[PDB]
Amino acid sequence: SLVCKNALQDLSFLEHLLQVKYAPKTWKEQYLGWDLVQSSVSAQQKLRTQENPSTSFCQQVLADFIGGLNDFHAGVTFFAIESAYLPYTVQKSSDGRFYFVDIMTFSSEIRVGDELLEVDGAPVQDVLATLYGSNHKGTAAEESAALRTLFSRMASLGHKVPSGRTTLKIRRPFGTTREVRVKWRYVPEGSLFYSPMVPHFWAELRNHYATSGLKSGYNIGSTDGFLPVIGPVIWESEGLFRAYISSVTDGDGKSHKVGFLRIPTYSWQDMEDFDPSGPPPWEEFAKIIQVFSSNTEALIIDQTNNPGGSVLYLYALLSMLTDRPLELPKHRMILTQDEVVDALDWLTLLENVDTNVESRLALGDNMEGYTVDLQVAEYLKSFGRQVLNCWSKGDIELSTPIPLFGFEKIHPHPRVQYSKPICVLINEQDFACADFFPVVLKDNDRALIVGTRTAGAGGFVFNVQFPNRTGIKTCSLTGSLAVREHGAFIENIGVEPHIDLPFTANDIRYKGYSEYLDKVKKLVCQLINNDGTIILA
């Protein structure tokens, strides 16, 4: 077949792209087993083997390949439009049940709180396994994604787009069984530092959301969470974010002013309702804090469902969530004939900068939120050098561990800091930066991370666009890995919550998240008292 050749062709490219630009290679070779070569063969197999190959099909074939590294940072995208979609949304319960947390608004026999059992005579569980990846590992983070795409399919990512009528065995809340038939909203097919850390995933997902109804607060990076109010609101903010203050009462009857606040995405420009010319979402963040700095005892931060974003804006917000410097880890990275270039600009930009003024003069008054400061210009210099320290050494294959940009540690916003207790909320759908957050805090003991394990560590991604004959718009590959002592940072990929805590079916059933919250408030309260939550009760 003509396609198969071209398929095979563009495949050998991807193969090469893994060896040249995929930092976590060496790593991945251990934990998972994944052996690029013998995986590349399975590719051919599937290709030559198939009857007259479909273009789309080969795309899938390819997608699978990369999507097997089991790295959310890496995968492929194709110039495609074809796509399926059902106006529903679900969440899996602790024990293991599936409830309809939201129906868009097309008013159908289906309503909220309904347990989903089977699709076309197939128990959800099985219907989902089909959606899993190659080296599926049975983790929460994954089970989610699957579900995530259950009712939203994109050819753009190689998903096998369906269409037509379908069954939906939903069990009412009474213990009674019903079966519905619905139609898929189908669509016919017609630098290296400065790259936002986010999974490819989103890029198209984000575009998909806006494009088709689904605007719900259950989707990644929603300005508003999906967690109802934590009690009687005493203060709120009619701003860009979703913030308020409420009075919580412990196990005695003594009131406390607790502060809610949900960072949704770290790629700020993309914040729902953001107006460019006006003030930056980080200047207004500072405000929500200066109002907590004095009118609040504790701070709950919902960071669930965050995609990732700009490493520096993330760095910027921490800057104002602590009165003391925080410890930043190092990353092994890969460097090409252009990150080198990028550094040659840092160095020559602020080569003769001694004063704390010249510092802000050159680099501006702030870098995406974080404040300028000779200390910073001094970080970039030390950065710009290190890049070239690992350039001419025959080690581009994982440069010595280096701190993102010159930054070794965070520095307290010379203007606003939150000296009081903080508790962060996280779950299976927090990526790239969304990890760097709970982690950095938790590695300095500044927060009390609760909820389920993250989605997986961060690192600059490589957005490689290359000429091909198979629709590959782009291929994004992870270009940096976090190190430890002197290395090998893993055995999971995930910041673990101090307090493991899933969503109990009782929470989900009526969108009340009653129990989840209670346990939170408690924890907050034990903190309110002094510091250090003794036991889980």
# chains A, B, ... in the order shown; residues from 1 in each chain; ligands from 1

call {"tool": "closest_atom_pairs", "arguments": {"of": "region 486-521 of chain A", "to": "region 400-414 of chain A", "cutoff": "12 Å", "atoms": "only C-alpha atoms", "output": "tab-separated table"}}
result
residue	atom	partner	partner_atom	distance
A:486	CA	A:401	CA	7.6
A:487	CA	A:401	CA	7.9
A:488	CA	A:401	CA	10.5
A:489	CA	A:401	CA	11.1

call {"tool": "write_last_selection", "arguments": {"atoms": "N, CA and C atoms", "output": "mmCIF file, in the first residue's frame"}}
result
data_model
loop_
_atom_site.group_PDB
_atom_site.id
_atom_site.type_symbol
_atom_site.label_atom_id
_atom_site.label_comp_id
_atom_site.auth_asym_id
_atom_site.auth_seq_id
_atom_site.Cartn_x
_atom_site.Cartn_y
_atom_site.Cartn_z
ATOM 1 N N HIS A 486 21.851 13.002 43.491
ATOM 2 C CA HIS A 486 22.684 13.139 42.309
ATOM 3 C C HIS A 486 21.924 12.327 41.247
ATOM 4 N N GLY A 487 20.646 12.022 41.501
ATOM 5 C CA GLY A 487 19.897 11.300 40.480
ATOM 6 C C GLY A 487 18.758 10.296 40.629
ATOM 7 N N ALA A 488 18.432 9.741 39.462
ATOM 8 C CA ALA A 488 17.405 8.723 39.257
ATOM 9 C C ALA A 488 16.091 8.928 40.012
ATOM 10 N N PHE A 489 15.510 10.112 39.870
ATOM 11 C CA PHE A 489 14.274 10.485 40.561
ATOM 12 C C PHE A 489 12.937 9.768 40.322
#

call {"tool": "select_by_dssp", "arguments": {"residues": "region 112-223 of chain A", "states": "strand (DSSP E or B)", "output": "PyMOL selection string"}}
result
chain A and resi 115-118+123+152-154+165-171+177-183+187+197

call {"tool": "closest_residue", "arguments": {"among": "A:513, A:334, A:450, A:534", "to": "residue 20 (chain A)", "atoms": "only C-alpha atoms"}}
result
A:334

call {"tool": "residues_around", "arguments": {"residues": "residue 186 (chain A)", "least_positions_apart": "3", "cutoff": "7 Å", "atoms": "only C-alpha atoms", "output": "PyMOL selection string"}}
result
chain A and resi 83-85+163

call {"tool": "closest_residue", "arguments": {"among": "A:301, A:328, A:141, A:187", "to": "residue 483 (chain A)", "atoms": "only C-alpha atoms"}}
result
A:328

call {"tool": "residues_around", "arguments": {"residues": "residue 442 (chain A)", "least_positions_apart": "6", "cutoff": "9 Å", "atoms": "only C-alpha atoms", "output": "MDAnalysis selection string"}}
result
chainID A and resid 448:449 495 497:498

call {"tool": "residues_around", "arguments": {"residues": "residue 113 (chain A)", "least_positions_apart": "6", "cutoff": "7 Å", "atoms": "only C-alpha atoms", "output": "PyMOL selection string"}}
result
chain A and resi 99-101+509-510

call {"tool": "atom_distance", "arguments": {"atom1": "CA of residue 27 (chain A)", "atom2": "CA of residue 307 (chain A)"}}
result
23.3 Å

call {"tool": "select_by_dssp", "arguments": {"residues": "region 274-500 of chain A", "states": "helix (DSSP H, G or I)", "output": "PyMOL selection string"}}
result
chain A and resi 283-290+311-318+339-349+356-363+374-389+433-442

call {"tool": "closest_residue", "arguments": {"among": "A:373, A:42, A:525, A:313", "to": "residue 253 (chain A)", "atoms": "only C-alpha atoms"}}
result
A:525

call {"tool": "residues_around", "arguments": {"residues": "residue 425 (chain A)", "least_positions_apart": "3", "cutoff": "10 Å", "atoms": "only C-alpha atoms", "output": "count of residues only"}}
result
17

call {"tool": "closest_residue", "arguments": {"among": "A:445, A:339, A:204, A:71", "to": "residue 25 (chain A)", "atoms": "only C-alpha atoms"}}
result
A:71

call {"tool": "decode", "arguments": {"residues": "region 57-174 of chain A", "atoms": "C-alpha atoms", "output": "PDB file, in the first residue's frame"}}
result
ATOM      1  CA  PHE A  57      -5.703   3.907  11.097  1.00  0.00           C
ATOM      2  CA  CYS A  58      -1.995   4.331  10.607  1.00  0.00           C
ATOM      3  CA  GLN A  59      -2.307   7.527  12.600  1.00  0.00           C
ATOM      4  CA  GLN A  60      -3.740   5.505  15.424  1.00  0.00           C
ATOM      5  CA  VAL A  61      -0.898   2.991  14.952  1.00  0.00           C
ATOM      6  CA  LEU A  62       1.622   5.773  15.309  1.00  0.00           C
ATOM      7  CA  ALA A  63      -0.183   7.518  18.130  1.00  0.00           C
ATOM      8  CA  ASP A  64      -0.157   4.235  20.070  1.00  0.00           C
ATOM      9  CA  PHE A  65       3.614   3.861  19.581  1.00  0.00           C
ATOM     10  CA  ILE A  66       4.565   7.159  21.216  1.00  0.00           C
ATOM     11  CA  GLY A  67       1.609   7.072  23.573  1.00  0.00           C
ATOM     12  CA  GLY A  68       3.244   3.999  25.032  1.00  0.00           C
ATOM     13  CA  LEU A  69       6.157   5.721  26.725  1.00  0.00           C
ATOM     14  CA  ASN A  70       3.382   6.271  29.226  1.00  0.00           C
ATOM     15  CA  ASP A  71       4.492   9.920  29.452  1.00  0.00           C
ATOM     16  CA  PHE A  72       1.654  12.455  29.364  1.00  0.00           C
ATOM     17  CA  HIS A  73       4.093  14.964  28.021  1.00  0.00           C
ATOM     18  CA  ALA A  74       4.657  12.924  24.843  1.00  0.00           C
ATOM     19  CA  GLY A  75       2.177  11.916  22.164  1.00  0.00           C
ATOM     20  CA  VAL A  76       1.279  12.903  18.614  1.00  0.00           C
ATOM     21  CA  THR A  77      -1.341  15.174  17.048  1.00  0.00           C
ATOM     22  CA  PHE A  78      -2.741  15.071  13.495  1.00  0.00           C
ATOM     23  CA  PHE A  79      -4.432  17.688  11.297  1.00  0.00           C
ATOM     24  CA  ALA A  80      -7.872  16.228  11.825  1.00  0.00           C
ATOM     25  CA  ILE A  81     -11.433  17.340  12.427  1.00  0.00           C
ATOM     26  CA  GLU A  82     -13.394  14.101  12.544  1.00  0.00           C
ATOM     27  CA  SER A  83     -14.646  13.705  16.115  1.00  0.00           C
ATOM     28  CA  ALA A  84     -17.400  12.223  18.277  1.00  0.00           C
ATOM     29  CA  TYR A  85     -18.926  13.635  21.461  1.00  0.00           C
ATOM     30  CA  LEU A  86     -21.709  13.035  23.995  1.00  0.00           C
ATOM     31  CA  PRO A  87     -23.058  15.871  26.201  1.00  0.00           C
ATOM     32  CA  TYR A  88     -22.455  14.013  29.472  1.00  0.00           C
ATOM     33  CA  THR A  89     -19.791  13.784  32.191  1.00  0.00           C
ATOM     34  CA  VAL A  90     -19.019  11.257  34.901  1.00  0.00           C
ATOM     35  CA  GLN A  91     -16.876  10.665  37.977  1.00  0.00           C
ATOM     36  CA  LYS A  92     -15.789   7.320  39.443  1.00  0.00           C
ATOM     37  CA  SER A  93     -16.478   6.676  43.153  1.00  0.00           C
ATOM     38  CA  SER A  94     -14.090   5.270  45.780  1.00  0.00           C
ATOM     39  CA  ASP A  95     -15.701   1.834  45.948  1.00  0.00           C
ATOM     40  CA  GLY A  96     -15.893   2.039  42.180  1.00  0.00           C
ATOM     41  CA  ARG A  97     -19.155   3.406  40.820  1.00  0.00           C
ATOM     42  CA  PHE A  98     -19.894   5.777  37.946  1.00  0.00           C
ATOM     43  CA  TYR A  99     -22.230   8.754  38.484  1.00  0.00           C
ATOM     44  CA  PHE A 100     -23.416  11.441  36.043  1.00  0.00           C
ATOM     45  CA  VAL A 101     -21.925  14.586  37.619  1.00  0.00           C
ATOM     46  CA  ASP A 102     -23.242  16.730  34.809  1.00  0.00           C
ATOM     47  CA  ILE A 103     -25.394  16.650  31.735  1.00  0.00           C
ATOM     48  CA  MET A 104     -24.856  19.603  29.456  1.00  0.00           C
ATOM     49  CA  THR A 105     -28.254  20.987  28.769  1.00  0.00           C
ATOM     50  CA  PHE A 106     -29.851  18.978  26.178  1.00  0.00           C
ATOM     51  CA  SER A 107     -32.497  17.796  28.548  1.00  0.00           C
ATOM     52  CA  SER A 108     -32.734  14.068  27.987  1.00  0.00           C
ATOM     53  CA  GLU A 109     -34.199  11.158  29.907  1.00  0.00           C
ATOM     54  CA  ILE A 110     -30.832  11.208  31.664  1.00  0.00           C
ATOM     55  CA  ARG A 111     -30.426  13.401  34.755  1.00  0.00           C
ATOM     56  CA  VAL A 112     -27.708  13.855  37.420  1.00  0.00           C
ATOM     57  CA  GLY A 113     -26.905  11.382  40.222  1.00  0.00           C
ATOM     58  CA  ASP A 114     -27.637   8.470  37.854  1.00  0.00           C
ATOM     59  CA  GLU A 115     -25.287   5.492  38.089  1.00  0.00           C
ATOM     60  CA  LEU A 116     -23.980   4.338  34.699  1.00  0.00           C
ATOM     61  CA  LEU A 117     -23.720   0.568  34.247  1.00  0.00           C
ATOM     62  CA  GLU A 118     -23.275  -0.439  30.590  1.00  0.00           C
ATOM     63  CA  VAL A 119     -22.894   0.963  27.092  1.00  0.00           C
ATOM     64  CA  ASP A 120     -24.281  -1.169  24.284  1.00  0.00           C
ATOM     65  CA  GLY A 121     -24.506  -4.130  26.626  1.00  0.00           C
ATOM     66  CA  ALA A 122     -21.006  -3.668  28.050  1.00  0.00           C
ATOM     67  CA  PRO A 123     -20.169  -2.835  31.686  1.00  0.00           C
ATOM     68  CA  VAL A 124     -18.389   0.500  31.849  1.00  0.00           C
ATOM     69  CA  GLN A 125     -15.197  -1.135  33.195  1.00  0.00           C
ATOM     70  CA  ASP A 126     -14.768  -3.248  30.051  1.00  0.00           C
ATOM     71  CA  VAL A 127     -15.958  -0.441  27.779  1.00  0.00           C
ATOM     72  CA  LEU A 128     -13.120   1.590  29.275  1.00  0.00           C
ATOM     73  CA  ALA A 129     -10.265  -0.916  29.174  1.00  0.00           C
ATOM     74  CA  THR A 130     -10.587  -0.673  25.396  1.00  0.00           C
ATOM     75  CA  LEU A 131      -9.703   2.998  25.745  1.00  0.00           C
ATOM     76  CA  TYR A 132      -6.532   2.342  27.789  1.00  0.00           C
ATOM     77  CA  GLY A 133      -3.012   2.627  26.373  1.00  0.00           C
ATOM     78  CA  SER A 134      -0.367   0.036  25.516  1.00  0.00           C
ATOM     79  CA  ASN A 135       1.672  -0.400  28.700  1.00  0.00           C
ATOM     80  CA  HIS A 136      -1.333   0.499  30.860  1.00  0.00           C
ATOM     81  CA  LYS A 137      -0.284   0.300  34.536  1.00  0.00           C
ATOM     82  CA  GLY A 138      -3.595   0.331  36.425  1.00  0.00           C
ATOM     83  CA  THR A 139      -3.043   3.718  38.068  1.00  0.00           C
ATOM     84  CA  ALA A 140      -5.740   6.185  39.054  1.00  0.00           C
ATOM     85  CA  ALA A 141      -4.372   8.940  36.826  1.00  0.00           C
ATOM     86  CA  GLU A 142      -4.879   6.637  33.844  1.00  0.00           C
ATOM     87  CA  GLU A 143      -8.303   5.226  34.679  1.00  0.00           C
ATOM     88  CA  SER A 144      -9.281   8.886  34.571  1.00  0.00           C
ATOM     89  CA  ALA A 145      -7.978   9.774  31.119  1.00  0.00           C
ATOM     90  CA  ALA A 146      -9.820   6.753  29.751  1.00  0.00           C
ATOM     91  CA  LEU A 147     -13.058   7.951  31.322  1.00  0.00           C
ATOM     92  CA  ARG A 148     -12.088  11.474  30.272  1.00  0.00           C
ATOM     93  CA  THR A 149     -12.301  10.464  26.608  1.00  0.00           C
ATOM     94  CA  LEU A 150     -15.173   8.037  27.111  1.00  0.00           C
ATOM     95  CA  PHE A 151     -17.704  10.601  25.861  1.00  0.00           C
ATOM     96  CA  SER A 152     -15.290  12.784  23.875  1.00  0.00           C
ATOM     97  CA  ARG A 153     -13.377  11.269  20.985  1.00  0.00           C
ATOM     98  CA  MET A 154     -10.858  13.036  18.784  1.00  0.00           C
ATOM     99  CA  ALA A 155      -9.262  11.825  15.553  1.00  0.00           C
ATOM    100  CA  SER A 156      -6.965  14.768  16.219  1.00  0.00           C
ATOM    101  CA  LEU A 157      -5.243  12.444  18.667  1.00  0.00           C
ATOM    102  CA  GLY A 158      -5.918   9.198  16.872  1.00  0.00           C
ATOM    103  CA  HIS A 159      -8.917   8.105  18.901  1.00  0.00           C
ATOM    104  CA  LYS A 160     -11.173   5.697  17.008  1.00  0.00           C
ATOM    105  CA  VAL A 161     -14.075   8.107  16.464  1.00  0.00           C
ATOM    106  CA  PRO A 162     -17.512   6.400  16.709  1.00  0.00           C
ATOM    107  CA  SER A 163     -21.035   7.409  15.614  1.00  0.00           C
ATOM    108  CA  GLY A 164     -24.691   6.357  15.618  1.00  0.00           C
ATOM    109  CA  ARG A 165     -27.111   5.137  18.280  1.00  0.00           C
ATOM    110  CA  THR A 166     -25.847   3.737  21.605  1.00  0.00           C
ATOM    111  CA  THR A 167     -27.240   2.154  24.787  1.00  0.00           C
ATOM    112  CA  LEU A 168     -26.699   3.518  28.297  1.00  0.00           C
ATOM    113  CA  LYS A 169     -27.754   1.239  31.162  1.00  0.00           C
ATOM    114  CA  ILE A 170     -28.206   3.774  33.936  1.00  0.00           C
ATOM    115  CA  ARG A 171     -29.473   2.659  37.331  1.00  0.00           C
ATOM    116  CA  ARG A 172     -31.737   5.297  38.960  1.00  0.00           C
ATOM    117  CA  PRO A 173     -31.075   6.031  42.634  1.00  0.00           C
ATOM    118  CA  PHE A 174     -33.895   3.641  43.676  1.00  0.00           C
TER     119      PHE A 174
END
